[PDB]
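Peer 1: Supplied in structure tokens, the structure appears directly below.
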Amino acid sequence: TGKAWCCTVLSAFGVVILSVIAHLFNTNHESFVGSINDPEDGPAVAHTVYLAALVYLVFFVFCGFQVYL
Amino acid sequence: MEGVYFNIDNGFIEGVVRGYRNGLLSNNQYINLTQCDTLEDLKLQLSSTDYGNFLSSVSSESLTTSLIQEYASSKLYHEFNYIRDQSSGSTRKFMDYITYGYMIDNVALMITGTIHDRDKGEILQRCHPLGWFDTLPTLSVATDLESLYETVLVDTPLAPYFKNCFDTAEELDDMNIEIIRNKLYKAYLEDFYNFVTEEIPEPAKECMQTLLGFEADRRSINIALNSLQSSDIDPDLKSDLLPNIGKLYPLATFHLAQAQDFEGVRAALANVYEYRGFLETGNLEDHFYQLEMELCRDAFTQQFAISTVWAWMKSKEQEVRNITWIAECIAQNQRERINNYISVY
Amino acid sequence: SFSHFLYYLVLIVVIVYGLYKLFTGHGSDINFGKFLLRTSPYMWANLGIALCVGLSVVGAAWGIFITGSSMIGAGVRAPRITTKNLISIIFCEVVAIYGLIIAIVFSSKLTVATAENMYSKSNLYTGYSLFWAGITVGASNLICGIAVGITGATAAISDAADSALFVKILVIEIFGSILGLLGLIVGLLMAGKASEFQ
Amino acid sequence: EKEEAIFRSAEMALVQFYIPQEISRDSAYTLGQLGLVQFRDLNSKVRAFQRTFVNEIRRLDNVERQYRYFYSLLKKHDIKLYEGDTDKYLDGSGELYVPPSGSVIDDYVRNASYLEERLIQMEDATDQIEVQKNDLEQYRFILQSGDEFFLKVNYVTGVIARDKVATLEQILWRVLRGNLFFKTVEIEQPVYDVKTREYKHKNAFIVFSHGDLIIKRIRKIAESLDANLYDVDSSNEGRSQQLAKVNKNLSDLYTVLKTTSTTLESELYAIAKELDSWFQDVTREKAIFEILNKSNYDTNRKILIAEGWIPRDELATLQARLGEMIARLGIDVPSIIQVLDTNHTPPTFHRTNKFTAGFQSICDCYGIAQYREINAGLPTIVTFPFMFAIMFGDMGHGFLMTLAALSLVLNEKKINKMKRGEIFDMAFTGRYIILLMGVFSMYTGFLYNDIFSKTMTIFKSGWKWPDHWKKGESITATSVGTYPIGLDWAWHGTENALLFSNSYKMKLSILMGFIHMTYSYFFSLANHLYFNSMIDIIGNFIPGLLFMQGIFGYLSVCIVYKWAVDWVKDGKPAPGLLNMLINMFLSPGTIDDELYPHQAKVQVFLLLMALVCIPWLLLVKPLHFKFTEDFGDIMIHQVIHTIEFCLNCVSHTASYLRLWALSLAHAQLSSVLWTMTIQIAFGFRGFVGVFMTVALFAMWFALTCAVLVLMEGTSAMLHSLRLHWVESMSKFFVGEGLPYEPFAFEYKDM
């Protein structure tokens, strides 16, 4: 069914991009924490993002069945 | 100047309409058409032109001059309705005003066709489709102008034009309808001319005033000539049939109203240059069509002017008359008159 | 008509106010000269730049819809014209490029002037220069864009009739396109000697 | 061996066929099966109705009309037309197959005439019954109405169209001077008007009056509108009796309708299974006579003369295949085919594969190339997606677009077979365009050093910051090297970033634009040398080359040179190139800041060279012609060409700034989109932080695909297309070519 392909593709990138962003935060990369305007504590926001990545992973694996069947 | 604002709404209309103008049959194509042996050859020859496949659904033995006229006309009407449907505002009013003339003729045809006892089934097939209005067949109900006005015509766009009709007799015959028909045309053209003068921009205004002027003149001369068949008529009655907008007005119209024989009418026109040759020589009917096409051809040289719609309509209407005249000569096997089609392009 | 009543009312008010100041002897109060000296030069410069690109774009847009609508209308019976006549759209679009280019050049001069130097001879000169130069480029591109657009419509509707007419009428179109380029040249001349805001 | 023809059109030959009349029909079929020949019209002077095979066409045209009529009935009764196999004859393979005999074609003609005479009879007989059914069922409905409908002959009643009932009561109110007593009741479903081939809503109505003349007038008014009038008894017993009488009559009628209906469908189902098969054969029989109509007929020797173009290298297969036909028939035909040599323009033909076909279409769409002219296709293969990539530079968007294109490429075997709407068919047709369009976008995105609006720290920066600073203290970097590939990542978030990158991208656009233009201009030389048009080398190429190279080539050199000199080390003032460009025209021989020694001396020479090239370009070719109204035409043509050329150099080189403009707009839109959606999510914490991050990514990604990748992407693509049609092709492309379109059979859709 078509509605499954929309969700699975979107969530697939939702896993990758979020996980990469979390890694840069967790390593205090200048491009994400360098400025006085960026959030103060890398690992804290990284932990927040990692949870979001896991959320998308649940959607990804679930919709995997919906396109498979 | 004209081109700065015209295209905000009329750009698509002007482009498509001139597409049709580029499809008008040229003299060379007419020459080829005249040399067909049979109508079945005429269909094949026409298929080469802009008409294309328009007869592709018609069987070999079904081809008749009447049917070709019907199909050629139906192509024009659908194209006209399409152009109208894609328009708005002042342009929409202008195109509606074009239709009024046809429904006026339908009204007179509808009444005369039922003063003599024949049912509406025949008449509606003789009516001109651009002149349709939903209550038109209801005019078959009665044989009295007062009844016809109060029950039907009050609702039509024609209602304002009857201001001079009710003075006539209480009983209707062919003569009385013809008086009504011309009285309506008088008010229609005078109303149309005012709308053009007020709400249409240049250069369409000057061009359209010319085209309606010629139309009014043609009616005036035809009315004068036809009146000579009657034994006598009040000049002050004739003066109510002549429209006021023409080139003949006021001087020539006054003399035309008081004319009592052909020489009187001929003298009445002799002082107006543009028409001085019409009655002395040749067929009067063809002279008007000749001048009409030349005026249409001039109108096409303008641009960013809505008059092209009028020029296209009246031009392609003449094309149908040319096709049918050639078709009749082919069908009747007599060809000495075949070259009397009239064409500027 | 309401609009023309408004115009006459404004005219009457201006005249009466002028006479009132004049007859009471205070006629020197109106003083356009002082107004030109006290208004900040940044206003004149920025109005020049903004209206330069602004009016130029209006020119290109106005021309495009005149030609574009004609191309689409005439193209119904003859689709072949749609690609060949794209040149007409280009001659309209380019006058926006000219306006854009001047906006780049003039932007280089918007430095910040020292307060003690704010209203000096050179700074006022640059203020007036960029204003009228921007208006000149903008208005001439506006005029050019419409004139080219009108010509392009006639070219497209002619091409649909006979292909041999197109090359003949395009000569009128390139003649029209020159007006915008002359506007650009005068614009660069007017702004040539203007120094940066010191 | 077969030649590759993509750099220039394939070579063409003109062949003359001597076909004896007795095999005119068979030979035409074989040539249609080959699909190679394109015929000339030898009878262009003849009137349409006088061509020799006119009457044969008329027979098959009439059959085609009848098949159209049958297909209409299939759709009226909603019966599926069966599908024939498209590949049962051939697919461009040149494979011989035996044509139908004359008796088979005559059998089609007889049968089609026979079927029309039956169907036109049965169909009308069925519509006559449908009319009675609709009439009775309307009558039945009125009788079924309750007596309160009649509460207020005493009345006139009938059924009328929903559209017109409002007009009826308006008219009757005047006729009855306001004494109108009038009732209207809906019919719940559309009623079918077979003569109109539509169905409409309707209303039942009733009107009360006693006067005889009034009743009669009311009837005529209602019947002037499309109403049907019915007679109904005043008493409930009368209605009940009449309703029973109608119900018997109507119940019987379904018997006649059912038996006729099933008979009619039984007729149609036989046709529905074979009509497509018939249609393909007849249309091909009709087609070959439209080819033979182009031949010239020698009535003395009974021979048809036909001229046609054919690719030069495939004469061999053409010779072989007609040899197979002669062998199959066993006729000693005298050399049915002869090659010819004439001063006529052959058609333009480019051979292509699945990869090249997409790019070639984009060039043919503008205009067909002149014979053996340099094909615009090959240069377009790379420069079209690459010019796009210069504008659409972002590794993230390039990657996303690559995946989309790659999926279409990998699945192409499945996508090819299924039917497609044109909004999707264009994408599939261009799949190999989009693939390169994405790959190059990823490359340029790396040089701009930009992925989803973030820079990449792949190498050590060439800029070093100060040793120490405090919170909120302004700092300036020190140069310590040059970044190896792409923009140095130190520029990110920098307060004067735009002041740098705009200088970079503007200069990039001018350089790439000039190089692209001068490259394609050199194709003009490649045409002139091939056609041995030496006059054009001296007349057009050289003067044009010196003119543009002497102005905008010089500007290009200056731009590159200014980057080579270390101005701050020398202490010299860095010159303004734009002012320098203007001054060399408006005030030659004077300089503010020297870019290099002898600046003024060379510039005045370049100005004089540019000026001298104008009259040289303008005059030499017309004068050469006069020395050998043609000269007048040549002169008026040449002068216009010069004004176009000299003006276009300014407009076209300026027009290339759009490469910069669309890149800057694309970048800034992306950064604002990031700043407004995903950048927000990082503020929150805890569960609400998780939910906001989940939600805002979906917003960010959806907008990224829709606005940036799709909309802004296609806008960038079409601009790069315009750069090719106008800025590039105008300098080397003549056009006005005759497209190669051979006579070949295919599946007609019906």
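By convention in this document, the chains of the structure tokens carry letters A, B, ... by their order, each chain's residues are numbered from 1, and ligands are numbered from 1 in the order they are shown.
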Quick one: residues within 9 Å of range 100-102 of chain C, only C-alpha atoms, excluding same-chain residues fewer than 3 positions away - as a list in words?

Peer 2: residues 49, 52, 53, 56, 57, 95, 96, 97, 105, 106, 107, 134, 137, 184, 187 and 188 of chain C; 654 of chain D

Peer 1: Print the selection's residues with N, CA and C atoms to a file, as a short mmCIF file (atom, residue, chain, number, x, y, z; two decimals), in the first residue's frame.

Peer 2:
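Contents of result04.cif, freshly written:
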```cif
data_model
loop_
_atom_site.label_atom_id
_atom_site.label_comp_id
_atom_site.auth_asym_id
_atom_site.auth_seq_id
_atom_site.Cartn_x
_atom_site.Cartn_y
_atom_site.Cartn_z
N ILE C 49 18.43 52.87 -5.29
CA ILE C 49 18.76 51.46 -5.51
C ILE C 49 17.50 50.62 -5.54
N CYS C 52 15.52 51.18 -8.59
CA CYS C 52 16.25 50.73 -9.77
C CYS C 52 15.89 49.29 -10.12
N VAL C 53 16.03 48.38 -9.16
CA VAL C 53 15.66 46.99 -9.39
C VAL C 53 14.14 46.85 -9.45
N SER C 56 12.75 48.18 -12.79
CA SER C 56 13.27 47.31 -13.84
C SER C 56 12.50 46.00 -13.88
N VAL C 57 12.21 45.42 -12.72
CA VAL C 57 11.47 44.16 -12.68
C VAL C 57 10.05 44.36 -13.19
N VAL C 95 16.20 43.11 -19.33
CA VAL C 95 16.20 44.43 -18.71
C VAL C 95 16.17 44.32 -17.19
N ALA C 96 15.71 43.19 -16.66
CA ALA C 96 15.84 42.96 -15.22
C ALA C 96 17.30 42.71 -14.84
N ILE C 97 18.04 42.02 -15.70
CA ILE C 97 19.47 41.81 -15.44
C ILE C 97 20.20 43.14 -15.39
N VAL C 105 26.48 47.43 -8.52
CA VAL C 105 27.47 48.49 -8.60
C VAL C 105 27.20 49.56 -7.55
N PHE C 106 25.94 49.98 -7.42
CA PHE C 106 25.61 51.03 -6.47
C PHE C 106 25.77 50.57 -5.03
N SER C 107 25.50 49.29 -4.76
CA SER C 107 25.62 48.79 -3.39
C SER C 107 27.03 48.95 -2.85
N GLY C 134 19.55 55.85 -10.24
CA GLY C 134 18.67 54.71 -10.05
C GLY C 134 17.32 54.89 -10.71
N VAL C 137 17.82 54.50 -14.64
CA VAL C 137 17.93 53.11 -15.08
C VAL C 137 16.59 52.41 -14.93
N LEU C 184 21.18 52.00 -19.26
CA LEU C 184 22.29 51.51 -18.44
C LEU C 184 23.52 52.39 -18.60
N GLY C 187 23.17 55.56 -16.83
CA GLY C 187 23.23 55.29 -15.41
C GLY C 187 24.66 55.19 -14.89
N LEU C 188 25.50 54.45 -15.61
CA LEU C 188 26.89 54.32 -15.20
C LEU C 188 27.65 55.64 -15.32
N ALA D 654 26.35 38.99 -19.73
CA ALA D 654 25.61 39.45 -18.55
C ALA D 654 24.60 38.41 -18.10
#
```

Peer 1: Excluding range 26-35 of chain A and residues on its chain fewer than 6 positions from it, collect all residues at most 6 Å away from it, counting only C-alpha atoms, and give them as JSON, numbers by chain.

Peer 2: {"A": [42, 43, 46]}

Peer 1: Would you mind listing what lies within 9 Å of residue 15 in chain A as an MDAnalysis selection string, with only C-alpha atoms counted and same-chain residues fewer than 5 positions away left out?

Peer 2: chainID A and resid 10 20 52:57 60

Peer 1: Produce a file of the selected residues containing N, CA and C atoms, as a compact mmCIF listing (two decimals), in the first residue's frame.

Peer 2:
```txt
# COMPACT_ATOMS: atom_id res chain seq x y z
N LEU A 10 10.76 8.26 4.66
CA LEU A 10 10.97 9.41 5.53
C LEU A 10 11.68 9.00 6.81
N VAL A 20 23.50 11.05 13.08
CA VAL A 20 24.72 11.79 12.78
C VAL A 20 24.75 13.10 13.57
N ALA A 52 14.99 10.57 19.70
CA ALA A 52 14.22 10.81 18.48
C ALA A 52 14.63 9.85 17.38
N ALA A 53 15.93 9.57 17.26
CA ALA A 53 16.39 8.60 16.26
C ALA A 53 15.78 7.23 16.52
N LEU A 54 15.73 6.80 17.78
CA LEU A 54 15.11 5.52 18.10
C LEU A 54 13.64 5.51 17.74
N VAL A 55 12.94 6.62 17.97
CA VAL A 55 11.53 6.71 17.62
C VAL A 55 11.34 6.43 16.13
N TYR A 56 12.14 7.08 15.29
CA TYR A 56 12.03 6.86 13.85
C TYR A 56 12.38 5.43 13.48
N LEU A 57 13.31 4.81 14.20
CA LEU A 57 13.65 3.42 13.91
C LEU A 57 12.45 2.51 14.11
N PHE A 60 10.38 2.84 11.18
CA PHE A 60 11.04 2.25 10.03
C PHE A 60 10.81 0.74 9.97
```

Peer 1: Need the shell around residue 178 in chain B: protein/DNA/RNA residues with any atom at most 12 Å away, counting only C-alpha atoms. Skip same-chain ones fewer than 2 positions apart. Format as a list in words?

Peer 2: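 The residues that qualify are residues 104, 105, 107, 108, 109, 111, 112, 165, 168, 172, 173, 174, 175, 176, 180, 181, 182, 183, 184, 185, 223, 226, 227 and 241 of chain B.
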
Peer 1: Could you list, as a ChimeraX atom specification, the residues of chain B having an atom within 7 Å of chain D when counting only C-alpha atoms?

Peer 2: /B:41,44-45,57,137-138,141,151

Peer 1: Residues of chain C were defined as contacting chain B if any atom lay at most 9 Å from it, counting only C-alpha atoms; please report them as an mmCIF file with C-alpha atoms, in the first residue's frame.

Peer 2:
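Saved result, out15.cif, follows:
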```cif
data_model
loop_
_atom_site.group_PDB
_atom_site.id
_atom_site.type_symbol
_atom_site.label_atom_id
_atom_site.label_comp_id
_atom_site.auth_asym_id
_atom_site.auth_seq_id
_atom_site.Cartn_x
_atom_site.Cartn_y
_atom_site.Cartn_z
ATOM 1 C CA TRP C 62 4.866 43.747 -17.777
ATOM 2 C CA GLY C 63 6.535 42.860 -21.071
ATOM 3 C CA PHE C 65 2.807 38.766 -19.850
ATOM 4 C CA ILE C 66 2.005 40.779 -22.993
ATOM 5 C CA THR C 67 4.205 38.511 -25.116
ATOM 6 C CA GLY C 68 3.568 35.330 -23.145
ATOM 7 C CA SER C 69 -0.214 35.514 -23.365
ATOM 8 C CA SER C 70 0.014 36.164 -27.112
ATOM 9 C CA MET C 71 2.416 33.250 -27.635
ATOM 10 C CA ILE C 72 0.103 30.873 -25.770
ATOM 11 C CA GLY C 73 -2.981 32.120 -27.604
ATOM 12 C CA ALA C 74 -1.416 32.007 -31.062
ATOM 13 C CA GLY C 75 0.291 28.698 -30.257
ATOM 14 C CA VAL C 76 -2.974 26.741 -30.046
ATOM 15 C CA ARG C 77 -3.201 26.320 -33.819
ATOM 16 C CA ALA C 78 0.572 26.400 -34.446
ATOM 17 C CA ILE C 146 6.833 47.279 -22.130
ATOM 18 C CA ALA C 147 7.805 48.450 -25.617
ATOM 19 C CA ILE C 150 4.246 44.826 -27.168
ATOM 20 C CA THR C 154 2.923 41.170 -32.791
ATOM 21 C CA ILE C 157 1.068 36.426 -33.905
ATOM 22 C CA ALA C 160 1.819 31.838 -36.598
ATOM 23 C CA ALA C 161 0.688 33.131 -40.012
#
```

Peer 1: Residues of chain D no more than 10 Å from chain A, counting only C-alpha atoms: send them over as number ranges by chain.

Peer 2: D: 454-457, 471-472, 489, 492-493, 679, 681-695, 697-698, 701-702

Peer 1: Could you give me, as CSV, every chain D residue with an atom at most 9 Å from chain C, plus its closest atom pair and distance in Å to one decimal, counting only C-alpha atoms, rows ordered by chain then number?

Peer 2:
```
residue,atom,partner,partner_atom,distance
D:365,CA,C:83,CA,7.9
D:366,CA,C:83,CA,6.0
D:367,CA,C:84,CA,8.3
D:578,CA,C:105,CA,8.5
D:579,CA,C:192,CA,8.7
D:582,CA,C:188,CA,8.4
D:586,CA,C:189,CA,8.7
D:640,CA,C:171,CA,7.3
D:643,CA,C:174,CA,8.4
D:644,CA,C:174,CA,7.6
D:647,CA,C:178,CA,8.6
D:651,CA,C:94,CA,7.1
D:654,CA,C:97,CA,7.3
D:655,CA,C:97,CA,6.9
D:657,CA,C:97,CA,8.2
D:658,CA,C:97,CA,8.7
D:726,CA,C:87,CA,7.6
```

Peer 1: Suppose we keep N, CA, C and O atoms; can you now write the selection as a JSON list (two decimals), in the first residue's frame?

Peer 2:
```json
[["chain", "number", "residue", "atom", "x", "y", "z"],
["D", 365, "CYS", "N", 14.08, 19.51, -29.62],
["D", 365, "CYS", "CA", 12.90, 20.28, -29.24],
["D", 365, "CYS", "C", 13.01, 21.73, -29.68],
["D", 365, "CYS", "O", 12.00, 22.36, -29.98],
["D", 366, "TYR", "N", 14.23, 22.28, -29.71],
["D", 366, "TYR", "CA", 14.41, 23.66, -30.15],
["D", 366, "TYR", "C", 14.35, 23.78, -31.67],
["D", 366, "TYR", "O", 13.75, 24.72, -32.19],
["D", 367, "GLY", "N", 14.97, 22.85, -32.38],
["D", 367, "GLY", "CA", 14.97, 22.88, -33.83],
["D", 367, "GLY", "C", 15.86, 21.81, -34.43],
["D", 367, "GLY", "O", 16.88, 21.44, -33.84],
["D", 578, "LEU", "N", 35.71, 46.19, -12.34],
["D", 578, "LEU", "CA", 34.51, 46.70, -12.98],
["D", 578, "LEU", "C", 34.69, 48.15, -13.43],
["D", 578, "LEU", "O", 34.31, 48.50, -14.55],
["D", 579, "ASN", "N", 35.28, 48.99, -12.58],
["D", 579, "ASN", "CA", 35.62, 50.34, -13.02],
["D", 579, "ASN", "C", 36.62, 50.31, -14.16],
["D", 579, "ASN", "O", 36.50, 51.08, -15.12],
["D", 582, "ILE", "N", 34.79, 49.60, -17.45],
["D", 582, "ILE", "CA", 34.02, 50.73, -17.97],
["D", 582, "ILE", "C", 34.95, 51.79, -18.54],
["D", 582, "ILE", "O", 34.71, 52.35, -19.62],
["D", 586, "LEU", "N", 34.85, 54.36, -21.92],
["D", 586, "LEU", "CA", 34.37, 55.72, -21.76],
["D", 586, "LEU", "C", 35.48, 56.74, -21.56],
["D", 586, "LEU", "O", 35.23, 57.95, -21.68],
["D", 640, "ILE", "N", 22.03, 43.15, -40.08],
["D", 640, "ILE", "CA", 21.24, 42.73, -38.92],
["D", 640, "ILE", "C", 22.01, 41.70, -38.11],
["D", 640, "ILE", "O", 21.97, 41.70, -36.87],
["D", 643, "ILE", "N", 24.48, 43.50, -35.83],
["D", 643, "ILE", "CA", 23.85, 44.17, -34.69],
["D", 643, "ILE", "C", 23.42, 43.14, -33.65],
["D", 643, "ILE", "O", 23.56, 43.35, -32.45],
["D", 644, "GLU", "N", 22.87, 42.01, -34.11],
["D", 644, "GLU", "CA", 22.58, 40.92, -33.19],
["D", 644, "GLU", "C", 23.84, 40.45, -32.48],
["D", 644, "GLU", "O", 23.87, 40.34, -31.25],
["D", 647, "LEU", "N", 25.48, 43.15, -30.04],
["D", 647, "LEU", "CA", 24.61, 43.33, -28.88],
["D", 647, "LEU", "C", 24.56, 42.08, -28.02],
["D", 647, "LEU", "O", 24.57, 42.16, -26.79],
["D", 651, "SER", "N", 24.64, 41.13, -23.80],
["D", 651, "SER", "CA", 23.49, 40.53, -23.13],
["D", 651, "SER", "C", 23.81, 39.12, -22.64],
["D", 651, "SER", "O", 23.45, 38.75, -21.52],
["D", 654, "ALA", "N", 26.35, 38.99, -19.73],
["D", 654, "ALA", "CA", 25.61, 39.45, -18.55],
["D", 654, "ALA", "C", 24.60, 38.41, -18.10],
["D", 654, "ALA", "O", 24.42, 38.19, -16.89],
["D", 655, "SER", "N", 23.93, 37.75, -19.04],
["D", 655, "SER", "CA", 22.87, 36.81, -18.68],
["D", 655, "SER", "C", 23.40, 35.65, -17.84],
["D", 655, "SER", "O", 22.64, 35.04, -17.08],
["D", 657, "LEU", "N", 25.04, 35.71, -15.27],
["D", 657, "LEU", "CA", 25.02, 35.98, -13.83],
["D", 657, "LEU", "C", 23.97, 35.16, -13.11],
["D", 657, "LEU", "O", 24.06, 35.00, -11.89],
["D", 658, "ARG", "N", 22.97, 34.63, -13.83],
["D", 658, "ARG", "CA", 21.96, 33.81, -13.18],
["D", 658, "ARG", "C", 22.56, 32.56, -12.55],
["D", 658, "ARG", "O", 21.98, 31.99, -11.62],
["D", 726, "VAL", "N", 19.63, 29.46, -26.01],
["D", 726, "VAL", "CA", 19.85, 30.83, -26.46],
["D", 726, "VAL", "C", 21.33, 31.20, -26.40],
["D", 726, "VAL", "O", 21.95, 31.49, -27.43]]
```

Peer 1: When DSSP works through the backbone of this structure, what residues of range 11-61 of chain A end up as alpha helix (DSSP H), shown as a PyMOL selection string?

Peer 2: chain A and resi 11-26+30-33+42-61

Peer 1: Contacts of residue 127 in chain B at 10 Å or less, counting only C-alpha atoms, minus same-chain residues fewer than 4 places along, as a list in words?

Peer 2: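 Once the adjacent positions are removed, what remains is residues 102, 103, 105, 106, 107, 109, 110, 122, 123, 131 and 132 of chain B.
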
Peer 1: Using only C-alpha atoms, can you tell me which of B:1, B:42, B:58, B:130 comes closest to residue 323 in chain B?

Peer 2: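 Comparing B:1, B:42, B:58, B:130 against residue 323 in chain B, the winner is B:42.
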
Peer 1: Please identify all polymer residues within 12 Å of residue 294 in chain D, counting only C-alpha atoms, omitting same-chain residues fewer than 5 positions from it, and present them as a tab-separated table (two decimals) with N, CA, C and O atoms, in the first residue's frame.

Peer 2:
```
chain	number	residue	atom	x	y	z
D	28	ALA	N	5.26	-2.35	-51.44
D	28	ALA	CA	5.00	-1.30	-50.46
D	28	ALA	C	4.93	-1.88	-49.05
D	28	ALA	O	5.41	-1.26	-48.10
D	38	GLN	N	12.14	7.12	-46.37
D	38	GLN	CA	11.29	8.31	-46.32
D	38	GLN	C	11.08	8.81	-47.74
D	38	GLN	O	12.05	9.13	-48.44
D	39	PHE	N	9.82	8.89	-48.16
D	39	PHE	CA	9.50	9.14	-49.56
D	39	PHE	C	9.32	10.62	-49.85
D	39	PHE	O	8.87	11.40	-49.00
D	40	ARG	N	9.68	11.02	-51.07
D	40	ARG	CA	9.34	12.33	-51.59
D	40	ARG	C	7.99	12.28	-52.29
D	40	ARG	O	7.61	11.26	-52.87
D	41	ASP	N	7.28	13.40	-52.24
D	41	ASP	CA	5.98	13.53	-52.91
D	41	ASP	C	6.23	14.00	-54.33
D	41	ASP	O	6.54	15.17	-54.56
D	42	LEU	N	6.09	13.09	-55.30
D	42	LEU	CA	6.30	13.42	-56.70
D	42	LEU	C	5.09	14.04	-57.37
D	42	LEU	O	5.21	14.55	-58.48
D	43	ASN	N	3.92	14.01	-56.72
D	43	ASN	CA	2.68	14.53	-57.29
D	43	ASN	C	2.21	15.80	-56.59
D	43	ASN	O	1.00	16.05	-56.49
D	44	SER	N	3.14	16.63	-56.12
D	44	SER	CA	2.77	17.80	-55.34
D	44	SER	C	1.93	18.80	-56.14
D	44	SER	O	1.25	19.63	-55.54
D	45	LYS	N	1.98	18.74	-57.47
D	45	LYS	CA	1.18	19.66	-58.28
D	45	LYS	C	-0.27	19.21	-58.40
D	45	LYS	O	-1.14	20.04	-58.68
D	46	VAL	N	-0.54	17.93	-58.21
D	46	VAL	CA	-1.85	17.37	-58.51
D	46	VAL	C	-2.84	17.73	-57.42
D	46	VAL	O	-2.49	17.79	-56.23
D	48	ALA	N	-5.84	17.15	-54.79
D	48	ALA	CA	-5.95	16.04	-53.85
D	48	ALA	C	-6.81	14.91	-54.40
D	48	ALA	O	-6.47	13.74	-54.25
D	51	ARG	N	-5.26	12.26	-57.41
D	51	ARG	CA	-4.21	11.26	-57.27
D	51	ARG	C	-4.78	9.87	-57.55
D	51	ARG	O	-5.95	9.59	-57.30
D	52	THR	N	-3.92	9.00	-58.09
D	52	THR	CA	-4.40	7.85	-58.84
D	52	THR	C	-5.09	6.81	-57.95
D	52	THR	O	-6.01	6.13	-58.41
D	53	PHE	N	-4.66	6.66	-56.70
D	53	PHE	CA	-5.23	5.66	-55.80
D	53	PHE	C	-6.34	6.23	-54.91
D	53	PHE	O	-6.55	5.72	-53.81
D	54	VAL	N	-7.04	7.27	-55.37
D	54	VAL	CA	-8.03	7.93	-54.53
D	54	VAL	C	-9.17	6.98	-54.18
D	54	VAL	O	-9.59	6.88	-53.02
D	287	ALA	N	-2.77	2.71	-45.20
D	287	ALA	CA	-1.52	3.47	-45.14
D	287	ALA	C	-0.68	3.30	-46.41
D	287	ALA	O	-0.16	4.29	-46.94
D	288	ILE	N	-0.54	2.07	-46.90
D	288	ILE	CA	0.36	1.85	-48.03
D	288	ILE	C	-0.12	2.60	-49.26
D	288	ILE	O	0.70	3.09	-50.06
D	289	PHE	N	-1.43	2.72	-49.45
D	289	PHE	CA	-1.94	3.49	-50.58
D	289	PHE	C	-1.65	4.98	-50.41
D	289	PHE	O	-1.47	5.69	-51.41
D	304	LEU	N	5.53	2.11	-61.44
D	304	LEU	CA	5.46	3.18	-60.44
D	304	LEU	C	6.87	3.65	-60.12
D	304	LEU	O	7.74	2.84	-59.81
D	305	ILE	N	7.08	4.96	-60.21
D	305	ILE	CA	8.36	5.57	-59.87
D	305	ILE	C	8.22	6.22	-58.50
D	305	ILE	O	7.33	7.06	-58.30
D	306	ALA	N	9.09	5.85	-57.57
D	306	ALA	CA	9.05	6.38	-56.22
D	306	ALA	C	10.46	6.78	-55.79
D	306	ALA	O	11.41	6.01	-55.98
D	307	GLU	N	10.58	7.97	-55.21
D	307	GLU	CA	11.84	8.47	-54.68
D	307	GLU	C	11.78	8.50	-53.16
D	307	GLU	O	10.77	8.90	-52.58
D	308	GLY	N	12.87	8.08	-52.53
D	308	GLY	CA	12.92	8.05	-51.08
D	308	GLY	C	14.34	8.18	-50.57
D	308	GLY	O	15.30	7.77	-51.23
```
